[PDB]
Amino acid sequence: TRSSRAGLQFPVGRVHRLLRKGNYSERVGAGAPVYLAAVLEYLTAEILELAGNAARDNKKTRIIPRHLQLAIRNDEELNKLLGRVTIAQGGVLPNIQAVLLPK
Amino acid sequence: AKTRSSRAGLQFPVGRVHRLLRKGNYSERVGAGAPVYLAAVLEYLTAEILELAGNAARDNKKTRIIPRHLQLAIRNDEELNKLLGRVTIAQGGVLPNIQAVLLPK
Amino acid sequence: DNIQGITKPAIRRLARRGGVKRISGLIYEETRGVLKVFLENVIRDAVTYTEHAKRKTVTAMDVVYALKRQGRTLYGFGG
Amino acid sequence: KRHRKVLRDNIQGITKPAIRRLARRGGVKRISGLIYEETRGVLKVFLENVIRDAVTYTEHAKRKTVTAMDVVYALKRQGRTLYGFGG
Amino acid sequence: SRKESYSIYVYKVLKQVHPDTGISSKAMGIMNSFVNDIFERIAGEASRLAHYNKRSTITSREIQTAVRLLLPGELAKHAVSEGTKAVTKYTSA
Amino acid sequence: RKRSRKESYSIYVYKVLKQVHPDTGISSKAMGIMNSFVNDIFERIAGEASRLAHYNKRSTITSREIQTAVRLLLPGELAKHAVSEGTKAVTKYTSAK
Amino acid sequence: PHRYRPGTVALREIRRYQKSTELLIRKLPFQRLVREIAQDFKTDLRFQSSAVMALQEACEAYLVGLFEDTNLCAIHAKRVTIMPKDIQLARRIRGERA
Amino acid sequence: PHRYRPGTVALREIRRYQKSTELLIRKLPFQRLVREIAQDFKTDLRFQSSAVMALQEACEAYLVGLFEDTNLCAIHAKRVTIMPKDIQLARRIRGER
DNA sequence: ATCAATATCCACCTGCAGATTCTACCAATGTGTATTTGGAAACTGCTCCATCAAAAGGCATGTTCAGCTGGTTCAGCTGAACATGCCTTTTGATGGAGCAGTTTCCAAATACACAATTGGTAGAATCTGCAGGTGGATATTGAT
DNA sequence: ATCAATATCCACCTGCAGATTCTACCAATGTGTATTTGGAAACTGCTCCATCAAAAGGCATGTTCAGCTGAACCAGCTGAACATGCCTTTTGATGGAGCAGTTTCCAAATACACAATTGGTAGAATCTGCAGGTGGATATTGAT
């Protein structure tokens, strides 16, 4: 497989196919789906990392949506990227306005 | 009729729109009904805007429609305003509008 | 009048999660208005998709295509 | 192989009155003292962003010159679309 | 080097709507840009609809469900109509 | 009963998952979230690539384009590190071939 | 007996509810409301249970978010209380409202 | 001589400026501000004059708009006066910050 | 403070189902042909940058005081807290079939290509709107 | 009031060029072959919908009173208005070429097709997390 050739877990074949049948453009170079399945692998890894640490924090082995939501909204660059995105079963970052706190 | 706009009775070219739909990669195959219906919808919205801006230019006592007129025309209308919500108009100006509580008492 | 099935305590809880302390009286009704607009819009679209699809049943994917149109993108239901 | 002047804090050329006028046209009456500096802070953020993207486009294009279309693709990217320069 | 625009057809439609009125170059730029933004919007939506329904082809039917999605209210109505009308006159002849 | 083939990323995401946290797992819901994530991101990057193609009047999507797309789409450090993983995987596939 | 001051059970409620992710609105009234709102667009329709759930997630998202932004608007007025003019301000800026 | 009360020349100004479409920020200091912001991004650039104008339009638009939403925020505070905590609420709700 | 009472926190365990490991099926996804997109080099010319002096118009800067900000108080009341009382949401259940989804046939609809021809372009010519100006009527603001 | 005075509003005019019209050159844009998409009909089955019956849990309704809101008032002061003095922007002018965009050639790179084989799917099985809960650890909240 081409992922083995490029050292990825992510299929470069499947992404070659998707770039062809989405009509993004006529000709998809051979380097494109590689670079790309790589970039997705990286960001998948990134999210899984931060979410995993968050998952060990609440003392669970299984990552549940709440963990992911936390990881994303907590990280800054990821949070920017996922701004318009609503994560199912997410919850919010527990945060209270200071001036409603009992004085 | 020879040309296709003539055949469907339009001022907007149904041919050029066929060309654009094809060499834009929207999809493999572009039906014969699509650029027709489309050059129709473009023609229609072009017409609605031009009407509203033209009346607005008559209101300011002028022969030529200038961007300020179009800006007006779009923003006074409720639906054109929603569609062009995120769009900024070159040389537009704003809707003359002042807040009440800033007005003299 | 199913619009009242959105109970006062549900909206109270929703505001709780939103980080709010004290809720006015009118608010509930006002909420109920907003909520409707939202749903009206989204579903309007979702349903359109279902109609293009010549299907009689609205599927989660229609919902998602609509939400993506609204700029409200949703993850986790089959996007 | 021929010099430039250096360019430094041209951000103060956005004069207090330009910011006052821009504020009038916004339907504003009384402007605090602080606002000017803060305006600029915001304006800068804006430009940085837009121009970043516009230049990225000029860079993809192997051109040394930024064109209106590049600007426009950028603004359209940010969700800020502009009409009248060639979209 | 030849460039392509809608300025001639927007002259047409202007004269249809207001015979005695004219239009400046900047303004024409606004229009041409406008038509184009719209084009990309609808055609895009049509396209997305294709791949959503696993169809390799863009029929007038798709443009239509696009125009229903993209256009708000009364505008959507008068437009879907002006179209159906244009396609139907096109079909017979 | 009968089968209907569906397609997803949950397997490659298990792999990458096991790479990062060997001792941790992932629920169904969360996996749906990742599947969606990859898909949205994908569509985003490829969309922008496409626009770059048409902007520059080109019939082909080169990795070069994927790249300028990622610089545009991704914020800051994320951008720098993705451009790395990509250029990297492509040079490795290049010499391998 | 025992009575907590006004506002305390609020704060404990806030911590408690912000910390979970579960669906706050009763699902059936919501489902009825969705089927109704859909009736008027097209009659005799069916709903995948997953699609209803999907909408519920979308709407509770919408509202909690709008509330964050509301609370911030009333806090802008030196007030701890959210009101209809606050919500109309939020929507008015977001672009949602005219 | 003659002196107008505080606020009269304010309203005469709002009317005057809302009524026109010409560029409020002088073009040269804006052009230096754009060549500077690009200098330090990629060095040695050239700018089509139209690109300068396009930027000017985009930015004055952004800002006039932001000022409106600011005003609506300060008026919500029962104030005739705008302040950075206002502008920052505007941007905070729009999502920018 | 120092002091009680609900409410919450965490500890331990156990079982339930949903995560995870294994099985066999199967349909997507290396070499060879033919074509063409665009990278490269060679040239043309547009327009972008630099600079300058003069014109002037707007910026800056300081004084002065008006009305706007927020600090303070203070009454009413509008929401919160808490109990009791009522109802419909939840869940599990089975049954019924609406209909979504999968397959096979196959023809109506478009891709593909060559040769024709005309609408759409640019360039040039020209002319009518109106930008710029000035005076002069009128309308508004603030002073008495 | 009544009154000047600053500013805006409104009309003609006058000259300039930008809209707009004439013109000729030219490149996108009627008919026949070839391929396959989806419409159409035929069957299978997934899960969606109905009404239903218990189990509580949540909503509702009310009483009682706390503190939040806003009306109202007052002192300080911060931002408006105005002139005058100065600076830097605008204009257009020219000159110079960086370099954008247009052209022509040559190949490295990808699409197309046939043919083969295994990663990736669903379905089945099994098993390890953690939800659910109960009971004291331990943290606040309100009253002393």
# chains A, B, ... in the order shown; residues from 1 in each chain; ligands from 1

$ closest_atom_pairs --of "chain B" --to "chain F" --cutoff "10 Å" --atoms "only C-alpha atoms" --output "Markdown table"
| residue | atom | partner | partner_atom | distance |
| --- | --- | --- | --- | --- |
| B:23 | CA | F:54 | CA | 9.2 |
| B:24 | CA | F:54 | CA | 7.4 |
| B:25 | CA | F:50 | CA | 8.9 |

$ write_last_selection --atoms "N, CA, C and O atoms" --output "PDB file, in the first residue's frame"
ATOM      1  N   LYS B  23     -16.783  23.882 -17.279  1.00  0.00           N
ATOM      2  CA  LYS B  23     -15.408  24.095 -16.855  1.00  0.00           C
ATOM      3  C   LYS B  23     -15.430  24.926 -15.591  1.00  0.00           C
ATOM      4  O   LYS B  23     -14.882  26.017 -15.543  1.00  0.00           O
ATOM      5  N   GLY B  24     -16.102  24.383 -14.579  1.00  0.00           N
ATOM      6  CA  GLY B  24     -15.921  24.772 -13.193  1.00  0.00           C
ATOM      7  C   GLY B  24     -15.750  23.559 -12.295  1.00  0.00           C
ATOM      8  O   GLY B  24     -15.556  23.681 -11.088  1.00  0.00           O
ATOM      9  N   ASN B  25     -15.866  22.377 -12.881  1.00  0.00           N
ATOM     10  CA  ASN B  25     -15.957  21.150 -12.095  1.00  0.00           C
ATOM     11  C   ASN B  25     -16.994  21.192 -10.994  1.00  0.00           C
ATOM     12  O   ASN B  25     -16.658  21.127  -9.807  1.00  0.00           O
TER      13      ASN B  25
END

$ residues_around --residues "residue 36 (chain I)" --least-positions-apart "6" --cutoff "12 Å" --atoms "only C-alpha atoms (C1' of nucleotides)" --output "list in words"
residues 27 of chain A; 59 and 60 of chain F; 106, 107, 108, 109, 110 and 111 of chain J

$ write_last_selection --atoms "N, CA, C and O atoms (P, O5', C5', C4', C3', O3' and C1' of nucleotides)" --output "compact mmCIF listing (two decimals), in the first residue's frame"
# COMPACT_ATOMS: atom_id res chain seq x y z
N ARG A 27 -7.68 16.61 -12.73
CA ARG A 27 -6.51 15.78 -12.58
C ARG A 27 -5.97 15.91 -11.18
O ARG A 27 -5.60 16.98 -10.74
N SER F 59 -5.85 22.75 -14.53
CA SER F 59 -6.69 21.55 -14.58
C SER F 59 -6.33 20.52 -13.51
O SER F 59 -7.08 19.55 -13.31
N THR F 60 -5.20 20.72 -12.83
CA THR F 60 -4.62 19.73 -11.91
C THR F 60 -4.51 20.20 -10.44
O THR F 60 -4.13 21.34 -10.18
P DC J 106 10.71 21.56 -29.76
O5' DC J 106 11.25 20.82 -28.44
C5' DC J 106 11.16 21.42 -27.15
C4' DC J 106 11.03 20.35 -26.08
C3' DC J 106 10.93 18.90 -26.58
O3' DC J 106 11.81 18.06 -25.79
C1' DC J 106 9.04 19.44 -25.27
P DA J 107 11.52 16.50 -25.49
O5' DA J 107 10.69 16.55 -24.14
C5' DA J 107 11.38 16.81 -22.92
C4' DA J 107 10.54 16.42 -21.73
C3' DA J 107 10.31 14.92 -21.54
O3' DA J 107 10.27 14.67 -20.15
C1' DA J 107 8.25 16.00 -21.70
P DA J 108 11.57 14.23 -19.32
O5' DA J 108 11.01 14.22 -17.83
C5' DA J 108 10.73 15.45 -17.19
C4' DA J 108 9.29 15.52 -16.71
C3' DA J 108 8.87 14.41 -15.75
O3' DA J 108 8.10 14.98 -14.73
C1' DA J 108 7.38 14.48 -17.56
P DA J 109 7.70 14.12 -13.44
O5' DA J 109 6.11 14.09 -13.53
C5' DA J 109 5.38 15.30 -13.66
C4' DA J 109 3.95 14.97 -13.99
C3' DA J 109 3.41 13.80 -13.17
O3' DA J 109 2.12 14.08 -12.70
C1' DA J 109 3.15 13.35 -15.46
P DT J 110 1.46 13.16 -11.56
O5' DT J 110 0.02 12.85 -12.16
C5' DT J 110 -0.74 13.90 -12.74
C4' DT J 110 -1.71 13.37 -13.77
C3' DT J 110 -2.60 12.23 -13.30
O3' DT J 110 -3.91 12.42 -13.82
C1' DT J 110 -1.47 11.60 -15.24
P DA J 111 -5.16 11.65 -13.18
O5' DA J 111 -6.02 11.23 -14.44
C5' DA J 111 -6.24 12.16 -15.49
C4' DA J 111 -6.72 11.44 -16.75
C3' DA J 111 -7.76 10.34 -16.53
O3' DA J 111 -8.65 10.27 -17.63
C1' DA J 111 -5.75 9.39 -17.35

$ closest_residue --among "H:3, H:35, H:46, H:26" --to "chain D" --atoms "only C-alpha atoms"
H:46

$ select_by_dssp --residues "chain D" --states "alpha helix (DSSP H)" --output "MDAnalysis selection string"
chainID D and resid 16:25 35:60 68:78

$ select_by_dssp --residues "chain D" --states "strand (DSSP E or B)" --output "number ranges by chain"
D: 30-31, 65-66, 82-83

$ closest_atom_pairs --of "chain C" --to "chain F" --cutoff "7 Å" --atoms "only C-alpha atoms" --output "Markdown table"
| residue | atom | partner | partner_atom | distance |
| --- | --- | --- | --- | --- |
| C:75 | CA | F:33 | CA | 5.3 |
| C:76 | CA | F:33 | CA | 4.1 |
| C:77 | CA | F:32 | CA | 6.7 |
| C:78 | CA | F:36 | CA | 6.4 |
| C:79 | CA | F:36 | CA | 4.9 |

$ interface_residues --of "chain A" --to "chain H" --cutoff "12 Å" --atoms "only C-alpha atoms" --output "MDAnalysis selection string"
chainID A and resid 76 79:80 83:84

$ write_last_selection --atoms "N, CA, C and O atoms" --output "compact mmCIF listing (two decimals), in the first residue's frame"
# COMPACT_ATOMS: atom_id res chain seq x y z
N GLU A 76 -6.08 26.17 22.08
CA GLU A 76 -6.35 27.44 21.43
C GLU A 76 -6.47 27.40 19.90
O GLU A 76 -7.45 27.89 19.34
N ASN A 79 -9.32 25.21 18.89
CA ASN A 79 -10.57 25.91 19.16
C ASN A 79 -10.87 26.92 18.08
O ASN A 79 -12.03 27.10 17.71
N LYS A 80 -9.86 27.61 17.60
CA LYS A 80 -10.09 28.52 16.49
C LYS A 80 -10.58 27.76 15.27
O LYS A 80 -11.57 28.15 14.64
N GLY A 83 -14.34 26.66 15.45
CA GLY A 83 -15.26 27.69 15.91
C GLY A 83 -16.75 27.56 15.64
O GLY A 83 -17.58 27.69 16.54
N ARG A 84 -17.10 27.28 14.39
CA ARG A 84 -18.52 27.21 13.98
C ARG A 84 -19.10 25.81 14.22
O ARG A 84 -20.25 25.51 13.83

$ atom_distance --atom1 "CA of residue 86 (chain H)" --atom2 "CA of residue 17 (chain D)"
20.1 Å

$ residues_around --residues "residue 68 (chain E)" --least-positions-apart "4" --cutoff "12 Å" --atoms "only C-alpha atoms (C1' of nucleotides)" --output "count of residues only"
27

$ interface_residues --of "chain F" --to "chain I" --cutoff "12 Å" --atoms "only C-alpha atoms (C1' of nucleotides)" --output "NGL selection string"
:F and (2-5 or 11 or 14 or 24-29 or 31 or 56-62)

$ interface_residues --of "chain G" --to "chain J" --cutoff "9 Å" --atoms "only C-alpha atoms (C1' of nucleotides)" --output "list in words"
residues 2, 3, 4, 5, 6, 8, 46, 47, 48, 49, 79, 80 and 81 of chain G
